[PDB]
Amino acid sequence: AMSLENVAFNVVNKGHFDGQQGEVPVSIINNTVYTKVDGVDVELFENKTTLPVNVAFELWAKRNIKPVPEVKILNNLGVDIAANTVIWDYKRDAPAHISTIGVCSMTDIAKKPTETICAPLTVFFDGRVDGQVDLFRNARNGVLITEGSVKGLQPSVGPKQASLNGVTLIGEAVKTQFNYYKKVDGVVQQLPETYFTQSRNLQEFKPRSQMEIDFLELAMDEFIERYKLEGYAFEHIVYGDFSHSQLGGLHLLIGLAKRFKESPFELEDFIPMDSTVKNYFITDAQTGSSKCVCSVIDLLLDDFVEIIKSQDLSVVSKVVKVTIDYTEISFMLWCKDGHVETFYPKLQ
Amino acid sequence: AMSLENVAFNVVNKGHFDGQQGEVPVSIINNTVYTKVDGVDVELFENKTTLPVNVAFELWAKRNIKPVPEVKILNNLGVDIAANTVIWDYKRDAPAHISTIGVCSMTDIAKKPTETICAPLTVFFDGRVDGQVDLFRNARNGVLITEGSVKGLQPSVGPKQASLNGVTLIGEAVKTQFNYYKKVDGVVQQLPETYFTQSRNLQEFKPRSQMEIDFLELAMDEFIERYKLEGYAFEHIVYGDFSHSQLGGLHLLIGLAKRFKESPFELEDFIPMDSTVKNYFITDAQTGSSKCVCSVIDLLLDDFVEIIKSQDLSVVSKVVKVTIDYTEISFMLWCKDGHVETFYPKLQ
Amino acid sequence: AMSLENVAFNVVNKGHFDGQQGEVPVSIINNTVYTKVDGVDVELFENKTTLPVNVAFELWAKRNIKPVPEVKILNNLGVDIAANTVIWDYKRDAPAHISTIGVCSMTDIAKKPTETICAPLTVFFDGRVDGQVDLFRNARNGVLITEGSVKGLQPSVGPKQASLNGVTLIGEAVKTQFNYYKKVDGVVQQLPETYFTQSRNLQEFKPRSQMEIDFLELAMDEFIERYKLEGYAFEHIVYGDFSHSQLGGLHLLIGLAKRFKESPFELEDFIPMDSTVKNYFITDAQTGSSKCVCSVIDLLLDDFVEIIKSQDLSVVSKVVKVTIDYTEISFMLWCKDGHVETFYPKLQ
Amino acid sequence: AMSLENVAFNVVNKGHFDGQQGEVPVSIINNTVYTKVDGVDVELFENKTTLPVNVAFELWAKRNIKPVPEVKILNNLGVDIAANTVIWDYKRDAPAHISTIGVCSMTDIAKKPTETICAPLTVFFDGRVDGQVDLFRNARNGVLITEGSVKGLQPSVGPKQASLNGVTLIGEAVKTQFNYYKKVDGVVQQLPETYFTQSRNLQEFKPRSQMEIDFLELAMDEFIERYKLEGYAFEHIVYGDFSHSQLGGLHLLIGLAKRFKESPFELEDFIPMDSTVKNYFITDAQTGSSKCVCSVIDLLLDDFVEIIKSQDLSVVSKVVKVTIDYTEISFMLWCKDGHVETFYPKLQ
Amino acid sequence: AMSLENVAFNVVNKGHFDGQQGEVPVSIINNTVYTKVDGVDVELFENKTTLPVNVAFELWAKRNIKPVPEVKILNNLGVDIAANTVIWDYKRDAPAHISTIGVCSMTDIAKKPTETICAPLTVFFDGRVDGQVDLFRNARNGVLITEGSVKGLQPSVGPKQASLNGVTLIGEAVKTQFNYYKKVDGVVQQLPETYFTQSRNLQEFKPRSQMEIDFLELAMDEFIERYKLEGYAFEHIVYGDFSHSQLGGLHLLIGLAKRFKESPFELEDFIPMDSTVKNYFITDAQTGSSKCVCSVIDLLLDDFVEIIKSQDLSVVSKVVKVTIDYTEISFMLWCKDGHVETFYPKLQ
């Protein structure tokens, strides 16, 4: 017996939908859900989605509260819908997927992923839920995550980090590193060799290697000398050039984090969504150097060094394709006299 | 187990709230309630009230579907709230009362009218519901309607007409004429002798006496002669004067109905609500004669003739108080040389 | 180059979307689309749909302006989506279907009905458009209308009437009677033998047979005598019983139309959508007789007489299934001593 | 001391803004203004404008309640703003002009039309208000109406009809025929000789000449014979051709009114505003004959006959410019062998 | 070919409007603009203006992305509109000006500033754009900024800082110090001698002189002694008095910044807009000392010392007018026995 009042009761008493019986009085005004507490209204939810307020409230209450793959990974793997859960997209304040399976009567296209409507869709399956590894076996299209091995299936080791209630973290008390499996038209795929983005924040950036510790601690010329990076344009690409009106390079998150410690800057996230490569309209506060579309990727500095050192530097310009987060990322590589001039995630 | 989805189920299947178990998917967008039918959204309700949409939807679904007193009568009797029902005000598309008793969790001030919060409020009681006459005997303040005798309680015969789902009618298959009773501060109050407004429409006006048939059929001078109305200013008051820029008189609904048959006119209902006396900004289409505040009352022509013929015509101006629909209506009576000049419901 | 301003230009200059190049300034405020004319905003469209205002405006501008099947027929045939057109539902002021094919970038699930997403959906095809009969032959699921013969395809003669810009009519200058064809799972399905509802209004009801002329002109007892309808409960079913608080029978539109000429009544259309059988909360103004759920069907009186006279009258109660508008309508037939007591479209 | 509560007080007590002191409690929710009456909210105004609700409420309360020129006339004369009044556009439910002079603090561009901001704007002046003829003499740009002679100013006799509170009428108790005057760049402009549209409705159309009575009463062939209209294509232009899918002609309101008596039809007013020529998407209910853009003008049939009989019929196609409501209306005249084929207000 | 979809395409791909061809699907819901990215909606813009959402989205996309004068400077100079650009007011999240010239079809009053509508308006001209110095030469009213000298015009050196995408900064990689020119009625003005506000933030306050470094580093009594400020009430005016319920003085930003390092406080910006003097409802968290209207100005401490030391201290109270940011700021100076008691930006 699903209801607005029952969903609200669960949110008030359990912090989310927990299948508990009960009802609380609710008022809906514009895009906000309120509940009466001692005669006064208390805001439970503000709808930031394009779904009707009561529908969005229910999907948000029914969000997955276990560590789940980051939306950018699910998107890159072609996930269309999730089996009997809601992957909440905290970057968009909305459901990661248009439709649901066995979650909400307004958004459900099926109650079970075995229904023929789900056969063409790449359904997300969670091996931590009983019967989902078997539902993936019977699924024509799908992506499966597991914590351990699956008999007869070769795994693709996913990223170390997962999203837990919108907090991207590498789990110590919970497992966040999953094995990934994918099926297309009934055939188990061999997932490609991939790098993973590190999903760090600018304000709380932490190095994850000795090279990253050295980048943040040493001065530009000492670091470039120590790691033999002369001729690889790290001065432009990673450190950033703030001497002209157009901000030069600054495409690796670690470089932005190093700059942030000394001088602040504005990053306008004009397409706010989870993605492998992020585009920002940056304005450096100290210098006034700015760039409308500054593509930024958070790779481990060692992985970025490996990518750039594995390229042919003999052509003026070329597209360099690198598998990152299971997707093909195109980079633009610009060279002159055997040295790099610039290397950036291609704006297309 | 009250819920938005259960209220919607009742509306879809029973035409209103009928206490039936069940749920239908609902979407709320802005001020409208929708339900999915054959894959598409069908509008169930549009909120025209100042309450939250889901709350107004529930009160409207729980509206009283039996003949009930017209809102103007309840207002005139000082009714604040109803016992365990919703009197829906079809003229305002809203609940006739702010709060409820045992109806909706968001608007309820009590579950039963015996609760101390209800003692100062004039509670409406319906003798057609088991135990409501007893609740009126125990209520400190209240208005009771019955279809018959209550032992020891002196009745007041109400109007012949009642509102059934927004249709004001004199019941033939249902009883619409009720006995009325009122209590103030624990004491049964004697309801005054009163006239009743006829609650007719301009477009479907029907005469309810031989005098009313004669007013609509006969010419002005021959009706005034037949009913000995010379010197009573019916030419001004009832027929209306359309010769000057300011429309003269036209305060009885029957006069407007007679005019409507020949020439149309605009009546701007600037305070849209049910009331004994209605104020309209009238514009006569044929002549361009207009009046910002034209007070109009729908009395039976015989009752209006009785009122005007029972007045002393020896003073220039005076207030004439007449009990109509249990309320004291003040009229302004203007005389000259023993004849009426004007007589109108006094604009406060 | 589809755009809001181009859609608005087409509406302003062509009365609808006509593929014309051009732009007009547009302002969107809340759910209304406006355009500047002589320095002031003029309303072009008010969104009554659950889609975003600019999206609903585009689908409405792109509505099919040729005579099209009434939405009740498309629904009864299981139509999910239309091929490269919008069937506008004038009863709901909304698109008859959630999604589109080659119409609008926001609602499109495909550009052509040959795309694999369309295979499971029943696509509506219009033989009057070049290549649509061929697309139906290749579609896994679909409904096709034509003005003539399709080689080798067994036709089903549809209703005489079609909807032209929201006006249901039997075409004299245009063809409104189509041949219908349906495919399920790649296989042409034989459409059943069916009656058709007449799609008439209560206020402008016109008889379409000598029997219907006789029902409206003749008194109840003489019509029943002339057409040998004694023992078939037409007094209850068709004429209606207004003697008790619950309105009896009154399930045929013609009976409501006959009553409407003498006494008015309120019909509350609580699920406002096009359907073969309509449910109304009726309140008779003359008597106060009312019914929360009064199922009403508009059959030709001759067709209803044929249905009722073709039933076995020897059982107390039974479900009578009749194909109407291609759908199986369940009726409840109640008999006593070989005569009908009641016969009504069964309330689910 | 202008205020929302004071405006509301004036509306409640005076039917409009009347400069009276006082305040009533007001609640604003979404686009509606409410006031408390007997403990419940009563709707005073619903904003259908693109202005903020409280601002639109004030302009509507301050609307001119005297007969004023119809908005189509003011527009045709290039009126930008009114001097110290609001011309309310009842066809758009909005102010006819964006800005005000001495009316409302939010919309005012000036308190008096003598302010330099008003010099480039064509200000509407009303000679019925003291000092407005003088303000017109001093205005650089303006339109003046008067009920009589202004010394030395050559008058233009306007239409017989004016708008009084949204009712277009020819005044009997008030004057609706004004003298018009216009100034451009400090210089009094000679207004051209013009025809006037009759501003009639389809549903309440009344003939205003013996020819118009003869058009409505007589059959097509006998009217054309009586008025010697053979070869002028009245069969197409005025009567309308409903034999093909595209509705032919039907450009004079009187022809639509004649058709309306026999068969109803839908007129979609897709640009809802007052204009000399109106464009409708028409659908004839009887035949299914339709036209996306059907230009309709309401001229007196005698005036239309005079216009068409005053044209040279020797060229295949040409633009015929006719001054109507002070504006140049372009008509398309199509001839063959010395006879008219079609003549219609040219679709721009 | 301007369009909503084209503006959205530019925002998605270029970070702002860049004149690029292309379209993306857009949905408008309430006041938010979304775009579809891989089947899900992504928020592009939330309207915080009083303009229609699609219009505000276009002006925001077309905002000037070069360093521009701060809105307080433009306002103080009487700028009404900008020539072919949008000065976006980041403090109000809205366009700094009501109308535009050659920017957006809904807000444009002209395509070029040479149009006669622009002659009375003080048009903002940017010498960094080709032809704008010449358009200022031909403009009757205007303000011109340049980076270098203009032949024949004497410059007014503006502030060192400018706004770059809402970040107020003193440019190192870009020029932010402009020469200002102003014309009124065709005559080049001699701009007055002025101080400039420093436009610093409380949280990231940086000293811009040795005196400012000393104010932040030294204790109150050491600083007052070093700079000979005894008898100038800096203890009250600049440091602030937190000993009584009403917070005393605290009118210079540097004093608030010094306090902020030790104890936090709430500044309620009740009129959120860019202005030379800002008014805050301050509440000191440590003491509970508060003030409803605390006027705060950010002057360089040396400039404030120069202003206060250049006043006559012999009268109880007087208005001291100081040109700051080209506007006349009134200060209230209160003295006793030849010493200052208080000196503050006058609340009027």
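In order of appearance the chains are A, B, C, D and E, and numbering begins at 1 in each one.
Just so we're on the same page, contacts are C-beta pairs under 8 Å (C-beta built on N, C-alpha and C of every residue); 3 or more make two chains touch, one makes a residue touch a chain.
Of the chain pairs A-B, B-D or A-E, the one whose interface repeats that of C-E, sharing more than half of its contact pairs by residue number, is A-B.
One simple way to say how far apart two chains are is to compare their mean CA positions; for subunit A and subunit C this gives 47 Å. For this pair, subunit B with subunit E, the centres built from the Cα atoms lie 59 Å apart.
Centroids of subunit C and subunit D (each the mean of its C-alpha atoms) stand 38 Å apart.
The set of subunit B residues touching two or more other chains comprises 27, 29-30, 34.
Chain pairs that touch one another: A-B, A-C, A-E, B-C, B-D, C-D, C-E, D-E. Interface of subunit A with subunit C (complex): residues 50, 52, 116-117, 120.
Listed in rising order, the residues of subunit B touching subunit D in the complex are 30-31, 48-50, 75, 80, 89, 92, 94-98, 242-245, 264-266, 268, 270-273, 279, 281, 283-290, 292-293, 347-348. Across the complex, subunit B meets subunit C through its residues 11-16, 18, 27, 29-30, 34-35, 37-44, 65, 67, 164-167, 169-174, 176, 204. Contact residues on subunit E toward subunit C in their complex (touch as defined above): 1-6, 23, 25-30, 34, 36, 52-55, 105-106.
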